[PDB]
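Chains U and X, in that order, are what the protein sequence lines are. If you use this note's numbering, the first sequence corresponds to residues 283 to 370, in order. If you use this note's numbering, the second sequence corresponds to residues 66 to 155, in order. Here a beta-carbon is modelled for each residue, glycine too, at the ideal position from N, C-alpha and C. Step one of this worksheet: look at the structure below.
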Amino acid sequence: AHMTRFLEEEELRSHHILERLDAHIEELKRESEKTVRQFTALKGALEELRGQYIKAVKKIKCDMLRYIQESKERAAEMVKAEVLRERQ
Amino acid sequence: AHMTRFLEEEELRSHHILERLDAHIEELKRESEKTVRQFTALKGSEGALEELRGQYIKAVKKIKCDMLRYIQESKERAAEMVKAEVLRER
Numbered sequence: 283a284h285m286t287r288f289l290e291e292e293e294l295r296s297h298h299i300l301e302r303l304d305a306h307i308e309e310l311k312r313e314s315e316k317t318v319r320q321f322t323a324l325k326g327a328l329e330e331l332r333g334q335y336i337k338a339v340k341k342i343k344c345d346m347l348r349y350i351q352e353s354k355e356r357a358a359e360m361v362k363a364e365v366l367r368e369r370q
Numbered sequence: 066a067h068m069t070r071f072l073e074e075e076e077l078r079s080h081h082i083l084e085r086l087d088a089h090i091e092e093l094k095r096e097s098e099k100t101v102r103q104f105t106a107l108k109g110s111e112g113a114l115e116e117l118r119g120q121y122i123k124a125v126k127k128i129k130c131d132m133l134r135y136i137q138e139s140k141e142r143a144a145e146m147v148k149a150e151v152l153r154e155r
């Protein structure tokens, strides 16, 4: 029954990582409506907008790297626990 | 016996998704230079600024869609390991 706990954990880990991507998408969507409103109420905005997407994408790249790195450690931990189970 | 091959595979998948990630970041930067270039000309400037904004949001939705597929596959992998752990009780 080791692996069922592994899958339960993946299911949680999956729910969290997707939550923190929605957070990032929405922040982009909010900041960018504001900035498009500034420019429309006027007659520099290209840098705020592009600035924002770079922000959202950077944060997505960080969070995906932390997930990936956690995943590798988890796998290595299981490699370890398998070898411990070989004890006579 | 089994779990080192799981790790290896995890390493491989992890590098393939990060190639994918930088791949369509860089692609989606090409797509924006075209429409940014239009908006710079017009000083319809705003309808064109919304379109750009709609491309950034859409681009970051495609990144999410690839990231969901990756996650989904991890769940499928772990599921396959529940199965094979069950088969080894045989």
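Following the DSSP letters along the chain, one finds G326(U) in no alpha helix (DSSP H), marked with neither H nor E. Proximity of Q137(X) to chain U, defined by a Cβ-Cβ separation below 9 Å, is satisfied.
In this structure, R118(X) sits away from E74(X), with a CB-CB distance that is not shorter than 9 Å. Within chain X, the residues whose beta carbon sits less than 7 Å from that of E292(U) are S139, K140, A143, listed in sequence order. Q120(X) and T100(X) have their alpha carbons spaced roughly 9 Å apart.
Residue ranges of uninterrupted beta strand (DSSP E) with 3 or more members are absent from the segment 72-131 of chain X; none lies entirely inside it. Around the CB of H306(U), 16 or more other CB atoms lie within 10 Å, so the residue is classed as buried.
For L289(U), the closest Cβ of chain X is nearer than 9 Å.
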